[PDB]
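**Q** There's a structure below that I have some questions on.
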Amino acid sequence: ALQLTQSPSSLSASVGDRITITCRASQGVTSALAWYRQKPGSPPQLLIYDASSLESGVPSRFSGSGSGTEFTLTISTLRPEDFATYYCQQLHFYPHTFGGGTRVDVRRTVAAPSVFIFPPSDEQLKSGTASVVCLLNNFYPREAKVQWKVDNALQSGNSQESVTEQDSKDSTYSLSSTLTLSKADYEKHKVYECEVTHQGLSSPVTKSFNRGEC
Amino acid sequence: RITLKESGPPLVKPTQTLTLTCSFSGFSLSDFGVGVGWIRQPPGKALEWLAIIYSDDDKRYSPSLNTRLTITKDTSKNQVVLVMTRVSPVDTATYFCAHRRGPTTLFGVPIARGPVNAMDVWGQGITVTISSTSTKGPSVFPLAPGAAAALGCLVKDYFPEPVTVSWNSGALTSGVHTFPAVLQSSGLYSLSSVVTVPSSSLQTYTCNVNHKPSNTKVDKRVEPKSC
Amino acid sequence: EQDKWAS
C-alpha cells in the first residue's frame with residue numbers, strides 16, 4: 001500500500017528553535033493529511049487537519065503546509081511541551097496510514113556512552129540460563145548500535161534491548177542490552193563481547209570477557 | 001466537549017478473542033458523516049491504523065488485519081466495539097479509539113469536507129498484553145563489574161507488569177537507571193536496573209525489588225565479586 | 001480504496 005515517510009526520524013533542538021518536520025507520500029493524497037503531537041504516556045493530539053488548517057485550541061506556533069506528496073509541519077518557536085514525537089496521517093486512501101514518527105528531543109553536546117559488560121551470575125547459571133548484559137550509560141544522541149559477538153560469531157535473534165527516556169538533567173540516554181543463552185551453549189564458548197557504535201566514538205568500542213577466566 | 005474512553009481486558013492469551021469497547025459522549029453515531037476509528041501502538045513503536053466505522057454504517061479495515069477484525073456500533077449506547085480474533089503476542093499494544101468529524105453543513109447542506117481530514121479527539125488508550133503466562137515473581141540476579149563503575153540487578157522472568165526497584169531502600173538515586181522491561185518470547189518480562197558510582201565508592205549497594213502481583217519482595221546486595 | 005470523502 002501507500003507509504004508515508006517522515007523526515008527526520010529523530011531531531012534535536014532547544015527551546016526557542018524553529019523546527020520543521022516533513023512527510024512524503026508514495027502517491028498523492030491531495031490535502032487529506034493530519035499532524036499530531038504525542039507526549040510520552042499520552043494519546044496523540046491533533047495539531048493540523050486537512051494539511052494546513054489549524055485545529056481549534058492549538059497554539060499558533062504550529063503550522064502546516066503542502067499538498068499532493070509532500071507536507072511539512074513547522075513549529076516556529078519550540079516550547080518545552082514540544083519535546084515529543086510527531087506523526088503525520090494520510091486520510092485519502094484506505095487504510096488511513098500513519099508515518100513512522102519523528103522524535104524531537106533536547107539538544108546537548110555529543111557524549112559517547114560509558115560501556116560495561118556483565119557476565120551471568122553463578123546463581124543464574126545454576127538455574128540453567130545465562131544472561132549477558134551490556135550497558136551503554138549516559139550517551140547522546142540517542143542512536144546507538146550494539147552488536148554481540150561470541151568467540152567472534154556475530155549474534156542475532158538472541159538479545160533484547162531497552163532505552164531510558166531522555167534524562168531531565170543530563171539530556172543523555174542509557175541503553176541496556178541482554179544476550180540470553182542456555183547454560184549449555186554458554187559453556188561452549190569463551191569470548192563474550194559487546195561491540196558498540198555511536199556518534200561520539202571515533203571507532204567502535206568493544207567490552208568483553210572470557211568465560212570462566214578466574 | 002467530545003470525550004472517548006476505551007475498555008476491555010488488560011490481559012489476553014494467544015489464540016483468544018479480544019473485544020474492546022469505545023464509550024463516548026459529546027456526539028452521536030447518528031450524527032451526519034461522523035466516524036469512530038481504532039488505532040493501536042505497540043510499546044515503543046509507531047501508530048498503526050486498524051479500522052473505522054461511520055454513522056451510515058460503512059465499515060473499513062486495515063487490509064493486513066481484515067480477517068481478524070470486526071467493528072460494530074451500538075448507536076443507542078454510544079459505543080463502538082472492535083473484536084479481534086486469534087490474537088498473538090505481537091498484538092500487545094495500547095489501543096485507542098478516536099472521533100472523526102463529518103463534513104460541515106449549512107442548513108443541513110454539506111459545504112466543507114476539510115474537517116474530515118484528521119481524527120480530532122482521542123481516548124486515553126487502553127494497554128493490552130497478550131501472553132499465555134500466569135502470574136509469576138522475578139528471579140533477581142546481580143550485575144557486577146569518567147572512571148565510573150557500574151553495577152545492578154537483573155530482574156528476570158516475571159509477570160505481569162509492573163515491578164518496582166529502588167536502591168538502598170530509596171537513599172540511592174543519583175546515577176540510577178531502571179530500564180523499561182522487555183516482554184520475552186517466553187511471555188515473561190525482564191528488566192535491568194543499574195547504578196553508576198565513583199570507582200571509589202565500591203559504601204554498600206542493595207537493590208530492593210518488589211513485584212506486587214505475586215507478593216514477591218527481594219533485597220539483593222551487589223558487590224564487586226572476587227570473594 | 002478512495003476514502004469516504006474523496007474526489
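Within each chain, counting starts at residue 1; across the C-alpha cells, chains are named A, B, ... in the order shown, with ligands numbered 1 upward in that order.
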Could you tell me which residues of chain B sit within 10 Å of chain C when counting only C-alpha atoms, and give me the result as a ChimeraX atom specification?

**A** /B:33,54,58,60,102-103,113-114,116-117

**Q** Write out, as a compact mmCIF listing (two decimals), in the first residue's frame, the residues just selected, with N, CA and C atoms.

**A**
```txt
# COMPACT_ATOMS: atom_id res chain seq x y z
N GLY B 33 -22.34 11.94 8.83
CA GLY B 33 -20.98 11.59 8.44
C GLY B 33 -19.94 11.35 9.51
N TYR B 54 -18.58 4.47 10.30
CA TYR B 54 -19.32 5.75 10.20
C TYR B 54 -20.76 5.59 10.63
N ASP B 58 -21.00 2.35 7.20
CA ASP B 58 -19.98 1.86 6.26
C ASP B 58 -18.84 1.47 7.22
N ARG B 60 -14.59 -0.07 7.42
CA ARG B 60 -13.37 -0.28 6.64
C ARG B 60 -12.31 -0.82 7.61
N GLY B 102 -17.57 14.69 10.60
CA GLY B 102 -18.22 14.52 9.30
C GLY B 102 -18.15 15.90 8.61
N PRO B 103 -18.52 16.08 7.33
CA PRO B 103 -18.43 17.42 6.71
C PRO B 103 -19.26 18.48 7.42
N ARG B 113 -15.60 19.72 3.36
CA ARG B 113 -15.12 18.40 3.72
C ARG B 113 -13.73 18.43 4.40
N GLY B 114 -13.06 19.58 4.39
CA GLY B 114 -11.77 19.67 5.03
C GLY B 114 -11.80 19.15 6.48
N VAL B 116 -13.03 16.56 7.78
CA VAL B 116 -12.94 15.12 7.95
C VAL B 116 -11.53 14.64 7.83
N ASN B 117 -10.62 15.51 7.42
CA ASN B 117 -9.25 15.02 7.25
C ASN B 117 -8.35 15.06 8.50
```

**Q** What lies within 10 Å of residue B:211 using only C-alpha atoms, ignoring chain neighbours under 4 positions off, as a list in words?

**A**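 Neighbouring residues, sequence-local ones excluded: residues 136, 137, 138, 155, 158, 159, 160, 161, 162, 163, 164, 165, 215, 216, 217 and 218 of chain B.
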
**Q** Could you list the residues in chain A lying within 9 Å of chain C, using only C-alpha atoms, and format the result as a CSV table (one decimal) with C-alpha atoms, in the first residue's frame?

**A**
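Dumped everything to result.csv:
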```csv
chain,number,residue,atom,x,y,z
A,32,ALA,CA,-6.1,14.8,3.3
A,91,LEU,CA,-6.8,10.0,5.0
A,92,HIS,CA,-7.2,10.0,1.2
A,93,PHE,CA,-6.8,6.2,0.7
A,94,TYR,CA,-7.7,3.2,2.9
A,95,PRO,CA,-6.1,2.2,5.0
A,96,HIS,CA,-5.6,5.6,6.6
```

**Q** Find, counting only C-alpha atoms, the residue in B:166, B:105, B:81, B:48 that gets nearest to chain A.

**A**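 Of B:166, B:105, B:81, B:48, the one nearest chain A, counting only C-alpha atoms, is B:48.
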
**Q** With a distance cut-off of 10 Å and only C-alpha atoms, select the neighbouring residues of stretch 193-199 of chain B, excluding the residue or stretch itself and same-chain residues fewer than 5 positions from it, and output the selection as a ChimeraX atom specification.

**A** /A:114,135,137-138,176 /B:142-144,146-155,164-167,172-181,205,207,209

**Q** Extract, using only C-alpha atoms, all DNA, RNA and protein residues at most 12 Å from residue B:57, discarding same-chain residues fewer than 2 positions from it, and format them as a VMD selection string.

**A** (chain B and resid 29 to 36 52 to 55 59 to 60 71 to 75 80) or (chain C and resid 4)

**Q** According to DSSP computed on the backbone, where in stretch 79-164 of chain A is there helix (DSSP H, G or I)? Give the residues as a PyMOL selection string.

**A** chain A and resi 80-82+122-126

**Q** Taking only residues of chain A that have an atom at most 7 Å from an atom of chain B, what is each one's shortest atom pair and its distance in Å to one decimal, using only C-alpha atoms, in chain and number order, as a Markdown table?

**A**
```
| residue | atom | partner | partner_atom | distance |
| --- | --- | --- | --- | --- |
| A:32 | CA | B:117 | CA | 5.1 |
| A:33 | CA | B:117 | CA | 6.1 |
| A:34 | CA | B:118 | CA | 5.2 |
| A:42 | CA | B:124 | CA | 6.6 |
| A:43 | CA | B:124 | CA | 5.6 |
| A:46 | CA | B:120 | CA | 5.6 |
| A:49 | CA | B:118 | CA | 5.3 |
| A:50 | CA | B:117 | CA | 4.9 |
| A:91 | CA | B:117 | CA | 6.0 |
| A:95 | CA | B:62 | CA | 5.4 |
| A:96 | CA | B:49 | CA | 6.3 |
| A:97 | CA | B:49 | CA | 6.3 |
| A:98 | CA | B:47 | CA | 6.3 |
| A:100 | CA | B:46 | CA | 5.5 |
| A:101 | CA | B:46 | CA | 6.4 |
| A:118 | CA | B:143 | CA | 5.9 |
| A:121 | CA | B:142 | CA | 6.3 |
| A:124 | CA | B:141 | CA | 6.7 |
| A:162 | CA | B:180 | CA | 6.1 |
| A:163 | CA | B:179 | CA | 6.4 |
| A:164 | CA | B:179 | CA | 5.6 |
```

**Q** Could the residues in this selection be saved with C-alpha atoms as a PDB file, in the first residue's frame?

**A**
```pdb
ATOM      1  CA  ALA A  32      -6.080  14.827   3.309  1.00  0.00           C
ATOM      2  CA  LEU A  33      -3.279  14.843   5.819  1.00  0.00           C
ATOM      3  CA  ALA A  34      -3.148  15.480   9.507  1.00  0.00           C
ATOM      4  CA  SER A  42      -0.486  10.337  26.422  1.00  0.00           C
ATOM      5  CA  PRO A  43      -2.640   9.852  23.307  1.00  0.00           C
ATOM      6  CA  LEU A  46      -4.413  16.780  16.682  1.00  0.00           C
ATOM      7  CA  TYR A  49      -6.031  18.891   9.832  1.00  0.00           C
ATOM      8  CA  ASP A  50      -6.539  18.965   6.065  1.00  0.00           C
ATOM      9  CA  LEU A  91      -6.795  10.021   5.030  1.00  0.00           C
ATOM     10  CA  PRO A  95      -6.050   2.172   5.022  1.00  0.00           C
ATOM     11  CA  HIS A  96      -5.551   5.623   6.628  1.00  0.00           C
ATOM     12  CA  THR A  97      -1.733   5.375   7.144  1.00  0.00           C
ATOM     13  CA  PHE A  98       0.489   6.961   9.727  1.00  0.00           C
ATOM     14  CA  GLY A 100       6.906   6.429  11.279  1.00  0.00           C
ATOM     15  CA  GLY A 101       7.062   9.372  13.600  1.00  0.00           C
ATOM     16  CA  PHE A 118      28.328  -8.065  32.832  1.00  0.00           C
ATOM     17  CA  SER A 121      25.811 -14.693  37.777  1.00  0.00           C
ATOM     18  CA  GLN A 124      21.542 -17.731  37.303  1.00  0.00           C
ATOM     19  CA  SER A 162      15.563  -1.120  26.041  1.00  0.00           C
ATOM     20  CA  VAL A 163      16.449   2.612  26.295  1.00  0.00           C
ATOM     21  CA  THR A 164      15.612   5.045  29.102  1.00  0.00           C
TER      22      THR A 164
END
```
